[PDB]
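To start, the structure itself, in structure tokens.
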Amino acid sequence: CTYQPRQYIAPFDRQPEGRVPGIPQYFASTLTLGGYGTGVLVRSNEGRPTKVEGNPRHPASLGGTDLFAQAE
Amino acid sequence: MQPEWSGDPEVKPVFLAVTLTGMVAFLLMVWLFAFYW
Amino acid sequence: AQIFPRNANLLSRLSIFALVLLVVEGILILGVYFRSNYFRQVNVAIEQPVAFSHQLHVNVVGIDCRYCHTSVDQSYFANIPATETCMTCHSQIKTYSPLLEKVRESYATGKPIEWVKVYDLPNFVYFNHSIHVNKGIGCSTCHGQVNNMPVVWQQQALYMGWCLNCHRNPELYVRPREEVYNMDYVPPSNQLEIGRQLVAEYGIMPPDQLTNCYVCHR
Ligand code: HEC
Ligand code: HEC
Ligand code: HEC
Ligand code: HEC
Ligand code: HEC
């Protein structure tokens, strides 16, 4: 018996240009509740969205976010 | 009151054997748990 | 004498002695098994799908570590090379070779090459190469002579005690940067004095902080 399974690792075939592996990035996008857009900054762990935050430069979303934007 | 075994050739030898066993066990345990890594 | 033979005395005493010896032996076997190299997969050269040899590329061809593991000094993850980096040499060198077929199978289809992870942590440890390397530690006192490793093996089992030994006494392992420089670096005889000076200079925190739980586990 052994401490753990083989745990194979799969890398890329062509590296994304602006990405450093293991470093999350943040992208600016808009989420609408009543059809009115609210600016959001969303963390992309490895090209997948994982955490929505607020956009400090967006009017009506200065850092703060509503629950509906968080639970998207 | 004397021990039942008092006056026996085997008393010192058995005590010695028990002590040697104990020391060996102790050293081996110590090695495995402290120095083997 | 009523129901027992004469040698029953010796048999009973020897049975007690053997029972104690057997208990001690069982404890010893359990400890050794749980601290064995087979259990923790140490010094076992794990066979890889493409048979990559660090000895050839590093010691003979002479390629820097950061050419392949490009993210080692900037993030917690040492970037495993993409097939792009493999093909920048083998598009011309050793082309039409049966042992580079899998590589050539990639870079034409998007399928990756499934390497087997040698150094594996149980996903509650949260290691970071960046701070370590930047603080004067290299992959020789931390990994082994990978420069001369045809097949990479685990040099030591990554025990909690192993990490805590050096987190507590970092003056016996800290080096004057040049940690990515070829690991031909040998520690000097006066390692203690240089290590203390480097600990003072780099500002490595005392064991009061480096042994906290949320340093590793989260
Ligand atoms: C703060 C006092 C703690 C506590 C309570 C624990 N650790 Fe650690 N830990 C580290 C590493 C590398 C491992 C893996 C060990 C291995 O793979 O053999 C662990 C593991 C543990 C365990 C074992 C969990 C299990 O289910 O087996 C436990 C109970 C544990 N830790 C408790 C690394 C570190 C640290 C590096 C700096 C330090 C600090 C801590 N651990 C601190 C703690
Ligand atoms: C400079 C001497 C180094 C050091 C210290 C390491 N590498 Fe590499 N490495 C490369 C590839 C394709 C792999 C995976 C294939 C395999 O593991 O055989 C590795 C692997 C490692 C490991 C182990 C990975 C693990 O999961 O534990 C380690 C510790 C490691 N390397 C350290 C690619 C290259 C490469 C060519 C692009 C070169 C040059 C290096 N590595 C150099 C080094
Ligand atoms: C990307 C991580 C890889 C992989 C998987 C391999 N290489 Fe190289 N490689 C280079 C040179 C100069 C040689 C030797 C040339 C010769 O033997 O004539 C090799 C050899 C290999 C082999 C062995 C092939 C064989 O023995 O026939 C293998 C399996 C291999 N490489 C895998 C040069 C580079 C290089 C710099 C130009 C880089 C980058 C790589 N190789 C990357 C990889
Ligand atoms: C000696 C070669 C070490 C080994 C073995 C391990 N670590 Fe380490 N670690 C080392 C140094 C010199 C430092 C710098 C300390 C500082 O304050 O600058 C560290 C630091 C870390 C950290 C970050 C500490 C922090 O405050 O955030 C982490 C998360 C860390 N080390 C993790 C870690 C683990 C999980 C290890 C076992 C696999 C481990 N280190 C071993 C030196 C050494
Ligand atoms: C401290 C000891 C170090 C140092 C200074 C380096 N490595 Fe790294 N390495 C180490 C551990 C404990 C692990 C396991 C990580 C895990 O999540 O289980 C690794 C892992 C690697 C890997 C595998 C890919 C990855 O985990 O990101 C590679 C590749 C690797 N280490 C290479 C590497 C290089 C190039 C270093 C610079 C000299 C280096 N390690 C330093 C422990 C440590």
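Labels used: A, B, ... for chains in the order of the structure tokens, numbers from 1 for residues in each chain, and numbers from 1 for ligands as shown.
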
- When the cut-off is 8 Å and we count only C-alpha atoms, which residues of chain C are near chain B, given as a list in words? residues 24, 28, 31, 32 and 35 of chain C

For chain C against chain A, which residues fall within 9 Å using only C-alpha atoms, given as a PDB file with N, CA and C atoms, in the first residue's frame?
ATOM      1  N   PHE C  34       5.549   2.508   8.397  1.00  0.00           N
ATOM      2  CA  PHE C  34       5.016   3.845   8.162  1.00  0.00           C
ATOM      3  C   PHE C  34       6.111   4.876   7.913  1.00  0.00           C
ATOM      4  N   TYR C  38       9.397   2.556   0.590  1.00  0.00           N
ATOM      5  CA  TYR C  38       8.357   2.050  -0.300  1.00  0.00           C
ATOM      6  C   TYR C  38       7.027   2.744  -0.040  1.00  0.00           C
ATOM      7  N   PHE C  39       6.683   2.944   1.234  1.00  0.00           N
ATOM      8  CA  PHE C  39       5.425   3.600   1.576  1.00  0.00           C
ATOM      9  C   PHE C  39       5.390   5.032   1.059  1.00  0.00           C
ATOM     10  N   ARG C  40       6.464   5.784   1.278  1.00  0.00           N
ATOM     11  CA  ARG C  40       6.485   7.192   0.912  1.00  0.00           C
ATOM     12  C   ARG C  40       7.034   7.434  -0.486  1.00  0.00           C
ATOM     13  N   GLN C  41       7.439   6.380  -1.193  1.00  0.00           N
ATOM     14  CA  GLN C  41       7.936   6.465  -2.565  1.00  0.00           C
ATOM     15  C   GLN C  41       9.161   7.373  -2.654  1.00  0.00           C
ATOM     16  N   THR C  70       9.658  27.980 -15.559  1.00  0.00           N
ATOM     17  CA  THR C  70       9.807  29.425 -15.701  1.00  0.00           C
ATOM     18  C   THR C  70       9.143  30.215 -14.582  1.00  0.00           C
ATOM     19  N   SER C  71       8.196  29.622 -13.860  1.00  0.00           N
ATOM     20  CA  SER C  71       7.435  30.337 -12.844  1.00  0.00           C
ATOM     21  C   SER C  71       7.910  30.045 -11.428  1.00  0.00           C
ATOM     22  N   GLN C  74       8.441  33.326  -9.142  1.00  0.00           N
ATOM     23  CA  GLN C  74       7.407  34.350  -9.156  1.00  0.00           C
ATOM     24  C   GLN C  74       6.080  33.895  -8.568  1.00  0.00           C
ATOM     25  N   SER C  75       5.786  32.597  -8.586  1.00  0.00           N
ATOM     26  CA  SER C  75       4.537  32.069  -8.059  1.00  0.00           C
ATOM     27  C   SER C  75       4.823  30.858  -7.184  1.00  0.00           C
ATOM     28  N   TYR C  76       3.759  30.310  -6.592  1.00  0.00           N
ATOM     29  CA  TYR C  76       3.906  29.131  -5.748  1.00  0.00           C
ATOM     30  C   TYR C  76       4.154  27.872  -6.565  1.00  0.00           C
ATOM     31  N   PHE C  77       4.009  27.949  -7.883  1.00  0.00           N
ATOM     32  CA  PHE C  77       4.037  26.788  -8.759  1.00  0.00           C
ATOM     33  C   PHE C  77       5.230  26.878  -9.697  1.00  0.00           C
ATOM     34  N   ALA C  78       6.007  25.802  -9.772  1.00  0.00           N
ATOM     35  CA  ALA C  78       7.088  25.704 -10.744  1.00  0.00           C
ATOM     36  C   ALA C  78       6.511  25.158 -12.044  1.00  0.00           C
ATOM     37  N   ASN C  79       6.410  26.019 -13.052  1.00  0.00           N
ATOM     38  CA  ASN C  79       5.733  25.683 -14.299  1.00  0.00           C
ATOM     39  C   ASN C  79       6.318  24.429 -14.932  1.00  0.00           C
ATOM     40  N   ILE C  80       5.500  23.392 -15.041  1.00  0.00           N
ATOM     41  CA  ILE C  80       5.894  22.211 -15.815  1.00  0.00           C
ATOM     42  C   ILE C  80       5.898  22.575 -17.296  1.00  0.00           C
ATOM     43  N   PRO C  81       6.935  22.222 -18.051  1.00  0.00           N
ATOM     44  CA  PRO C  81       7.073  22.739 -19.417  1.00  0.00           C
ATOM     45  C   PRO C  81       5.910  22.346 -20.314  1.00  0.00           C
ATOM     46  N   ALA C  82       5.521  23.273 -21.181  1.00  0.00           N
ATOM     47  CA  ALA C  82       4.559  22.980 -22.228  1.00  0.00           C
ATOM     48  C   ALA C  82       5.250  22.279 -23.393  1.00  0.00           C
ATOM     49  N   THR C  83       4.440  21.655 -24.252  1.00  0.00           N
ATOM     50  CA  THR C  83       4.990  20.988 -25.427  1.00  0.00           C
ATOM     51  C   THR C  83       5.657  21.984 -26.368  1.00  0.00           C
ATOM     52  N   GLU C  84       5.269  23.256 -26.256  1.00  0.00           N
ATOM     53  CA  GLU C  84       5.885  24.322 -27.088  1.00  0.00           C
ATOM     54  C   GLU C  84       7.388  24.372 -26.799  1.00  0.00           C
ATOM     55  N   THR C  85       7.771  24.365 -25.518  1.00  0.00           N
ATOM     56  CA  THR C  85       9.185  24.425 -25.161  1.00  0.00           C
ATOM     57  C   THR C  85       9.914  23.166 -25.605  1.00  0.00           C
ATOM     58  N   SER C 106       1.573  15.235 -29.369  1.00  0.00           N
ATOM     59  CA  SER C 106       1.111  16.530 -28.904  1.00  0.00           C
ATOM     60  C   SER C 106       1.596  17.610 -29.867  1.00  0.00           C
ATOM     61  N   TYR C 107       1.134  18.840 -29.640  1.00  0.00           N
ATOM     62  CA  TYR C 107       1.457  19.996 -30.474  1.00  0.00           C
ATOM     63  C   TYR C 107       0.839  19.862 -31.863  1.00  0.00           C
ATOM     64  N   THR C 109      -2.350  17.688 -31.899  1.00  0.00           N
ATOM     65  CA  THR C 109      -3.619  17.710 -31.197  1.00  0.00           C
ATOM     66  C   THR C 109      -3.419  18.401 -29.856  1.00  0.00           C
ATOM     67  N   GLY C 110      -4.514  18.888 -29.282  1.00  0.00           N
ATOM     68  CA  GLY C 110      -4.409  19.616 -28.033  1.00  0.00           C
ATOM     69  C   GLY C 110      -4.164  18.765 -26.809  1.00  0.00           C
ATOM     70  N   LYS C 111      -4.041  17.452 -26.972  1.00  0.00           N
ATOM     71  CA  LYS C 111      -3.894  16.568 -25.827  1.00  0.00           C
ATOM     72  C   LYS C 111      -2.579  16.850 -25.104  1.00  0.00           C
ATOM     73  N   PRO C 112      -2.581  16.853 -23.776  1.00  0.00           N
ATOM     74  CA  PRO C 112      -1.348  17.095 -23.025  1.00  0.00           C
ATOM     75  C   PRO C 112      -0.550  15.812 -22.836  1.00  0.00           C
ATOM     76  N   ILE C 113       0.639  15.959 -22.243  1.00  0.00           N
ATOM     77  CA  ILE C 113       1.463  14.763 -21.902  1.00  0.00           C
ATOM     78  C   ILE C 113       1.264  14.545 -20.403  1.00  0.00           C
ATOM     79  N   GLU C 114       0.742  13.389 -19.992  1.00  0.00           N
ATOM     80  CA  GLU C 114       0.419  13.212 -18.553  1.00  0.00           C
ATOM     81  C   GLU C 114       1.668  12.770 -17.794  1.00  0.00           C
ATOM     82  N   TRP C 115       2.418  13.718 -17.230  1.00  0.00           N
ATOM     83  CA  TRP C 115       3.609  13.364 -16.414  1.00  0.00           C
ATOM     84  C   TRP C 115       3.127  12.796 -15.075  1.00  0.00           C
ATOM     85  N   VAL C 116       3.934  11.962 -14.415  1.00  0.00           N
ATOM     86  CA  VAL C 116       3.552  11.443 -13.072  1.00  0.00           C
ATOM     87  C   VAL C 116       4.215  12.339 -12.025  1.00  0.00           C
ATOM     88  N   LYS C 117       3.426  12.894 -11.102  1.00  0.00           N
ATOM     89  CA  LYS C 117       3.975  13.835 -10.092  1.00  0.00           C
ATOM     90  C   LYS C 117       4.876  13.072  -9.118  1.00  0.00           C
ATOM     91  N   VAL C 118       6.150  13.466  -9.019  1.00  0.00           N
ATOM     92  CA  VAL C 118       7.085  12.822  -8.099  1.00  0.00           C
ATOM     93  C   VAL C 118       6.944  13.411  -6.700  1.00  0.00           C
ATOM     94  N   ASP C 120       4.769  15.102  -4.259  1.00  0.00           N
ATOM     95  CA  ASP C 120       3.308  15.312  -4.087  1.00  0.00           C
ATOM     96  C   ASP C 120       2.964  15.671  -2.643  1.00  0.00           C
ATOM     97  N   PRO C 122      -0.319  16.692   0.125  1.00  0.00           N
ATOM     98  CA  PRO C 122      -1.726  16.294   0.268  1.00  0.00           C
ATOM     99  C   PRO C 122      -2.746  17.436   0.286  1.00  0.00           C
TER     100      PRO C 122
END

- Do you know which residues are within 8 Å of ligand 3 using only C-alpha atoms and all ligand atoms? Can you write them as a ChimeraX atom specification? /C:50-53,56-57,61,63,67-68,81-90,93-94,97,99-100,103

Kindly export the residues of the current selection with N, CA, C and O atoms, as an mmCIF file, in the first residue's frame.
data_model
loop_
_atom_site.group_PDB
_atom_site.id
_atom_site.type_symbol
_atom_site.label_atom_id
_atom_site.label_comp_id
_atom_site.auth_asym_id
_atom_site.auth_seq_id
_atom_site.Cartn_x
_atom_site.Cartn_y
_atom_site.Cartn_z
ATOM 1 N N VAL C 50 7.321 9.911 -21.496
ATOM 2 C CA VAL C 50 8.158 10.302 -22.626
ATOM 3 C C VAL C 50 9.637 10.073 -22.353
ATOM 4 O O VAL C 50 10.467 10.319 -23.236
ATOM 5 N N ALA C 51 9.992 9.610 -21.155
ATOM 6 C CA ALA C 51 11.376 9.289 -20.805
ATOM 7 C C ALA C 51 12.285 10.509 -20.952
ATOM 8 O O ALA C 51 13.252 10.510 -21.716
ATOM 9 N N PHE C 52 11.958 11.562 -20.211
ATOM 10 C CA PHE C 52 12.787 12.759 -20.192
ATOM 11 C C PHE C 52 13.925 12.588 -19.194
ATOM 12 O O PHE C 52 13.720 12.084 -18.086
ATOM 13 N N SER C 53 15.126 13.006 -19.586
ATOM 14 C CA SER C 53 16.324 12.858 -18.765
ATOM 15 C C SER C 53 16.876 14.239 -18.435
ATOM 16 O O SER C 53 17.344 14.955 -19.325
ATOM 17 N N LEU C 56 20.771 14.695 -19.359
ATOM 18 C CA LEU C 56 21.168 15.053 -20.716
ATOM 19 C C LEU C 56 20.972 16.540 -20.976
ATOM 20 O O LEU C 56 21.868 17.212 -21.493
ATOM 21 N N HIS C 57 19.808 17.076 -20.613
ATOM 22 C CA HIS C 57 19.482 18.448 -20.985
ATOM 23 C C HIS C 57 20.210 19.458 -20.104
ATOM 24 O O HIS C 57 20.589 20.539 -20.566
ATOM 25 N N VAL C 61 23.622 19.137 -22.371
ATOM 26 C CA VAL C 61 23.199 20.216 -23.259
ATOM 27 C C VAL C 61 23.329 21.585 -22.604
ATOM 28 O O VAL C 61 23.573 22.577 -23.301
ATOM 29 N N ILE C 63 21.098 23.576 -20.170
ATOM 30 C CA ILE C 63 19.927 24.443 -20.184
ATOM 31 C C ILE C 63 19.607 24.848 -18.753
ATOM 32 O O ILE C 63 19.640 24.016 -17.839
ATOM 33 N N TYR C 67 14.536 28.008 -17.828
ATOM 34 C CA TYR C 67 14.088 27.852 -19.205
ATOM 35 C C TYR C 67 12.853 26.971 -19.300
ATOM 36 O O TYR C 67 12.001 27.203 -20.164
ATOM 37 N N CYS C 68 12.741 25.969 -18.432
ATOM 38 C CA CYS C 68 11.599 25.070 -18.386
ATOM 39 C C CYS C 68 10.644 25.402 -17.252
ATOM 40 O O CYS C 68 9.450 25.610 -17.482
ATOM 41 N N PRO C 81 6.935 22.222 -18.051
ATOM 42 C CA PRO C 81 7.073 22.739 -19.417
ATOM 43 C C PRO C 81 5.910 22.346 -20.314
ATOM 44 O O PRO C 81 5.381 21.236 -20.233
ATOM 45 N N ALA C 82 5.521 23.273 -21.181
ATOM 46 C CA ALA C 82 4.559 22.980 -22.228
ATOM 47 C C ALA C 82 5.250 22.279 -23.393
ATOM 48 O O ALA C 82 6.477 22.292 -23.520
ATOM 49 N N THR C 83 4.440 21.655 -24.252
ATOM 50 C CA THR C 83 4.990 20.988 -25.427
ATOM 51 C C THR C 83 5.657 21.984 -26.368
ATOM 52 O O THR C 83 6.517 21.604 -27.171
ATOM 53 N N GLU C 84 5.269 23.256 -26.256
ATOM 54 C CA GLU C 84 5.885 24.322 -27.088
ATOM 55 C C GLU C 84 7.388 24.372 -26.799
ATOM 56 O O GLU C 84 8.167 24.424 -27.768
ATOM 57 N N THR C 85 7.771 24.365 -25.518
ATOM 58 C CA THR C 85 9.185 24.425 -25.161
ATOM 59 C C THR C 85 9.914 23.166 -25.605
ATOM 60 O O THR C 85 11.100 23.211 -25.950
ATOM 61 N N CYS C 86 9.223 22.026 -25.589
ATOM 62 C CA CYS C 86 9.821 20.789 -26.079
ATOM 63 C C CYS C 86 10.097 20.877 -27.574
ATOM 64 O O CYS C 86 11.129 20.398 -28.059
ATOM 65 N N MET C 87 9.182 21.492 -28.321
ATOM 66 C CA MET C 87 9.276 21.516 -29.774
ATOM 67 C C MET C 87 10.220 22.589 -30.299
ATOM 68 O O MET C 87 10.566 22.557 -31.484
ATOM 69 N N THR C 88 10.645 23.538 -29.461
ATOM 70 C CA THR C 88 11.534 24.588 -29.946
ATOM 71 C C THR C 88 12.910 24.048 -30.309
ATOM 72 O O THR C 88 13.638 24.695 -31.069
ATOM 73 N N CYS C 89 13.277 22.879 -29.790
ATOM 74 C CA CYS C 89 14.514 22.202 -30.153
ATOM 75 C C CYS C 89 14.265 20.978 -31.014
ATOM 76 O O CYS C 89 15.023 20.723 -31.957
ATOM 77 N N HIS C 90 13.218 20.216 -30.720
ATOM 78 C CA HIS C 90 12.997 18.925 -31.349
ATOM 79 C C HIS C 90 12.187 19.020 -32.633
ATOM 80 O O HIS C 90 11.872 17.983 -33.226
ATOM 81 N N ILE C 93 15.938 18.924 -34.014
ATOM 82 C CA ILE C 93 16.859 17.970 -33.411
ATOM 83 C C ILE C 93 16.145 16.655 -33.135
ATOM 84 O O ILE C 93 15.063 16.628 -32.534
ATOM 85 N N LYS C 94 16.760 15.553 -33.571
ATOM 86 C CA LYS C 94 16.261 14.203 -33.305
ATOM 87 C C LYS C 94 14.820 14.038 -33.775
ATOM 88 O O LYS C 94 14.007 13.367 -33.136
ATOM 89 N N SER C 97 12.084 10.387 -34.460
ATOM 90 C CA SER C 97 12.649 9.461 -33.443
ATOM 91 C C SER C 97 11.500 8.787 -32.690
ATOM 92 O O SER C 97 10.580 9.506 -32.254
ATOM 93 N N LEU C 99 11.154 7.677 -29.741
ATOM 94 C CA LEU C 99 11.012 7.998 -28.296
ATOM 95 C C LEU C 99 10.590 9.460 -28.132
ATOM 96 O O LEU C 99 10.439 9.904 -26.976
ATOM 97 N N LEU C 100 10.388 10.174 -29.243
ATOM 98 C CA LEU C 100 9.864 11.563 -29.174
ATOM 99 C C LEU C 100 8.527 11.579 -29.917
ATOM 100 O O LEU C 100 8.058 12.674 -30.268
ATOM 101 N N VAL C 103 5.619 13.209 -27.842
ATOM 102 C CA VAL C 103 5.744 14.660 -27.919
ATOM 103 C C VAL C 103 5.206 15.161 -29.250
ATOM 104 O O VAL C 103 4.378 16.079 -29.298
#

- Note on the structure: Restricting to only C-alpha atoms and all ligand atoms, whichever of C:23, C:194, C:152, C:42 is closest to ligand 2 is C:152

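The residues of chain A that DSSP classifies as strand (DSSP E), using the backbone of this structure, are residues 8, 9, 25, 26, 27, 28, 29, 30, 31, 32, 37, 38, 39, 40, 41, 42, 43, 44, 49, 50, 51, 52, 53 and 54 of chain A.
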
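Look at residue 133 (chain C): the protein and nucleic acid residues within 10 Å of it, using only C-alpha atoms and passing over chain neighbours fewer than 2 places away, are residues 72, 73, 74, 128, 129, 130, 131, 135, 136, 137, 138, 139, 142, 174, 175, 177, 178, 179 and 180 of chain C.
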
File dump, residues just selected, N, CA, C and O atoms, as an mmCIF file, in the first residue's frame:
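Printed below is part.cif as written:
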data_model
loop_
_atom_site.group_PDB
_atom_site.id
_atom_site.type_symbol
_atom_site.label_atom_id
_atom_site.label_comp_id
_atom_site.auth_asym_id
_atom_site.auth_seq_id
_atom_site.Cartn_x
_atom_site.Cartn_y
_atom_site.Cartn_z
ATOM 1 N N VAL C 72 9.119 29.504 -11.269
ATOM 2 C CA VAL C 72 9.560 29.051 -9.954
ATOM 3 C C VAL C 72 9.798 30.224 -9.008
ATOM 4 O O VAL C 72 9.510 30.124 -7.810
ATOM 5 N N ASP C 73 10.315 31.343 -9.511
ATOM 6 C CA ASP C 73 10.687 32.461 -8.653
ATOM 7 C C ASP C 73 9.608 33.527 -8.537
ATOM 8 O O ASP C 73 9.845 34.552 -7.889
ATOM 9 N N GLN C 74 8.441 33.326 -9.142
ATOM 10 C CA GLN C 74 7.407 34.350 -9.156
ATOM 11 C C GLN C 74 6.080 33.895 -8.568
ATOM 12 O O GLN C 74 5.322 34.732 -8.076
ATOM 13 N N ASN C 128 5.115 27.092 -1.348
ATOM 14 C CA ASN C 128 5.407 28.221 -2.224
ATOM 15 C C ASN C 128 6.892 28.223 -2.578
ATOM 16 O O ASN C 128 7.736 28.439 -1.703
ATOM 17 N N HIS C 129 7.215 27.987 -3.858
ATOM 18 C CA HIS C 129 8.609 28.099 -4.291
ATOM 19 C C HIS C 129 9.104 29.541 -4.293
ATOM 20 O O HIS C 129 10.291 29.781 -4.059
ATOM 21 N N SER C 130 8.243 30.506 -4.626
ATOM 22 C CA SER C 130 8.720 31.911 -4.772
ATOM 23 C C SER C 130 9.455 32.410 -3.522
ATOM 24 O O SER C 130 10.656 32.704 -3.642
ATOM 25 N N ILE C 131 8.766 32.528 -2.383
ATOM 26 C CA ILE C 131 9.413 33.106 -1.165
ATOM 27 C C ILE C 131 10.673 32.301 -0.820
ATOM 28 O O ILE C 131 11.715 32.933 -0.571
ATOM 29 N N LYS C 135 14.473 33.754 -0.771
ATOM 30 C CA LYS C 135 15.078 33.954 0.575
ATOM 31 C C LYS C 135 16.387 33.172 0.695
ATOM 32 O O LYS C 135 16.822 32.945 1.836
ATOM 33 N N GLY C 136 16.982 32.767 -0.428
ATOM 34 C CA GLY C 136 18.301 32.108 -0.380
ATOM 35 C C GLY C 136 18.230 30.606 -0.179
ATOM 36 O O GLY C 136 19.059 30.089 0.577
ATOM 37 N N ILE C 137 17.288 29.917 -0.829
ATOM 38 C CA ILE C 137 17.230 28.424 -0.749
ATOM 39 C C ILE C 137 17.150 27.872 -2.178
ATOM 40 O O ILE C 137 16.343 28.404 -2.958
ATOM 41 N N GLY C 138 17.947 26.850 -2.505
ATOM 42 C CA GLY C 138 17.962 26.299 -3.874
ATOM 43 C C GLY C 138 17.455 24.873 -3.939
ATOM 44 O O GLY C 138 17.414 24.235 -2.879
ATOM 45 N N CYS C 139 17.131 24.376 -5.140
ATOM 46 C CA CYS C 139 16.576 23.004 -5.327
ATOM 47 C C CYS C 139 17.711 21.976 -5.293
ATOM 48 O O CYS C 139 17.783 21.164 -6.228
ATOM 49 N N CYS C 142 16.948 21.225 -1.247
ATOM 50 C CA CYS C 142 15.471 21.307 -1.146
ATOM 51 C C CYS C 142 14.849 20.229 -2.038
ATOM 52 O O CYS C 142 13.619 20.058 -1.988
ATOM 53 N N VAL C 174 20.491 28.097 4.600
ATOM 54 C CA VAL C 174 20.379 29.342 3.779
ATOM 55 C C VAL C 174 21.681 29.552 2.996
ATOM 56 O O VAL C 174 22.764 29.287 3.557
ATOM 57 N N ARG C 175 21.578 29.975 1.732
ATOM 58 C CA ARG C 175 22.776 30.171 0.873
ATOM 59 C C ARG C 175 22.768 31.615 0.359
ATOM 60 O O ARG C 175 21.716 32.266 0.494
ATOM 61 N N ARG C 177 21.949 33.591 -2.095
ATOM 62 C CA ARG C 177 21.264 33.645 -3.414
ATOM 63 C C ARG C 177 21.999 32.707 -4.376
ATOM 64 O O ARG C 177 22.547 31.691 -3.893
ATOM 65 N N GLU C 178 22.042 33.035 -5.671
ATOM 66 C CA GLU C 178 22.643 32.090 -6.651
ATOM 67 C C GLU C 178 22.013 30.714 -6.412
ATOM 68 O O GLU C 178 22.684 29.702 -6.668
ATOM 69 N N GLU C 179 20.760 30.691 -5.957
ATOM 70 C CA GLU C 179 20.076 29.409 -5.648
ATOM 71 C C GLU C 179 19.660 28.717 -6.952
ATOM 72 O O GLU C 179 19.615 27.472 -6.964
ATOM 73 N N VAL C 180 19.376 29.494 -8.005
ATOM 74 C CA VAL C 180 19.015 28.895 -9.325
ATOM 75 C C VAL C 180 20.307 28.561 -10.071
ATOM 76 O O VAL C 180 20.278 27.631 -10.902
#

- Message: Could you pull out the alpha helix (DSSP H) residues of region 149-202 of chain C, going by DSSP on the backbone, and write them as JSON, numbers by chain?
- Response: {"C": [160, 161, 162, 163, 164, 165, 166, 167, 168, 191, 192, 193, 194, 195, 196, 197, 198, 199, 200, 201, 202]}

- Contacts with ligand 4 at most 8 Å, only C-alpha atoms and all ligand atoms counted, listed as a ChimeraX atom specification: /C:121,125-128,131-132,135-138,141-142,158-160,162-167,170,173-174,202-206,209-210,215-216

- Just how far from CA of residue 161 (chain C) is atom 36 (C, counted along the ligand's line) of ligand 1, in Å to one decimal? 8.1 Å

- Task: Have a look at CA of residue 20 (chain C) and CA of residue 3 (chain B) and let me know their distance in Å, one decimal.
- Result: 24.0 Å

- In terms of only C-alpha atoms and all ligand atoms, the residue from C:1, C:151, C:30, C:200 at minimal distance from ligand 2 is C:151

Write out as a PDB file with N, CA, C and O atoms, in the first residue's frame which residues come within 10 Å of residue 28 (chain A) when counting only C-alpha atoms, dropping same-chain ones fewer than 5 positions away.
ATOM      1  N   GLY A  39     -20.892  47.263 -12.550  1.00  0.00           N
ATOM      2  CA  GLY A  39     -19.521  46.831 -12.886  1.00  0.00           C
ATOM      3  C   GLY A  39     -18.956  45.883 -11.851  1.00  0.00           C
ATOM      4  O   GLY A  39     -19.104  46.162 -10.652  1.00  0.00           O
ATOM      5  N   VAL A  40     -18.329  44.794 -12.301  1.00  0.00           N
ATOM      6  CA  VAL A  40     -17.776  43.781 -11.356  1.00  0.00           C
ATOM      7  C   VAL A  40     -16.350  43.419 -11.770  1.00  0.00           C
ATOM      8  O   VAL A  40     -16.062  43.433 -12.979  1.00  0.00           O
ATOM      9  N   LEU A  41     -15.483  43.147 -10.797  1.00  0.00           N
ATOM     10  CA  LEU A  41     -14.108  42.685 -11.108  1.00  0.00           C
ATOM     11  C   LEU A  41     -14.085  41.211 -10.713  1.00  0.00           C
ATOM     12  O   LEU A  41     -14.305  40.928  -9.526  1.00  0.00           O
ATOM     13  N   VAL A  42     -13.814  40.306 -11.653  1.00  0.00           N
ATOM     14  CA  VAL A  42     -13.940  38.859 -11.307  1.00  0.00           C
ATOM     15  C   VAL A  42     -12.589  38.141 -11.382  1.00  0.00           C
ATOM     16  O   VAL A  42     -11.883  38.309 -12.392  1.00  0.00           O
ATOM     17  N   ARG A  43     -12.248  37.386 -10.332  1.00  0.00           N
ATOM     18  CA  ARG A  43     -10.953  36.659 -10.269  1.00  0.00           C
ATOM     19  C   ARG A  43     -11.015  35.425 -11.169  1.00  0.00           C
ATOM     20  O   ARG A  43     -11.977  34.650 -11.034  1.00  0.00           O
ATOM     21  N   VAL A  52     -16.394  36.942  -7.618  1.00  0.00           N
ATOM     22  CA  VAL A  52     -16.838  38.230  -8.137  1.00  0.00           C
ATOM     23  C   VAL A  52     -16.630  39.286  -7.065  1.00  0.00           C
ATOM     24  O   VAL A  52     -16.926  39.062  -5.888  1.00  0.00           O
ATOM     25  N   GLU A  53     -16.092  40.434  -7.465  1.00  0.00           N
ATOM     26  CA  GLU A  53     -15.900  41.570  -6.578  1.00  0.00           C
ATOM     27  C   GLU A  53     -16.443  42.821  -7.260  1.00  0.00           C
ATOM     28  O   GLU A  53     -17.048  42.755  -8.332  1.00  0.00           O
ATOM     29  N   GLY A  54     -16.230  43.969  -6.629  1.00  0.00           N
ATOM     30  CA  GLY A  54     -16.702  45.225  -7.174  1.00  0.00           C
ATOM     31  C   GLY A  54     -15.611  45.991  -7.902  1.00  0.00           C
ATOM     32  O   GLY A  54     -14.425  45.809  -7.652  1.00  0.00           O
ATOM     33  N   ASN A  55     -16.038  46.868  -8.811  1.00  0.00           N
ATOM     34  CA  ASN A  55     -15.121  47.676  -9.601  1.00  0.00           C
ATOM     35  C   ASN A  55     -15.023  49.064  -8.987  1.00  0.00           C
ATOM     36  O   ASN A  55     -15.991  49.834  -9.057  1.00  0.00           O
ATOM     37  N   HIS A  58     -16.210  51.967 -11.174  1.00  0.00           N
ATOM     38  CA  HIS A  58     -17.568  51.891 -11.773  1.00  0.00           C
ATOM     39  C   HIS A  58     -18.572  52.604 -10.867  1.00  0.00           C
ATOM     40  O   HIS A  58     -18.655  52.233  -9.682  1.00  0.00           O
TER      41      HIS A  58
END
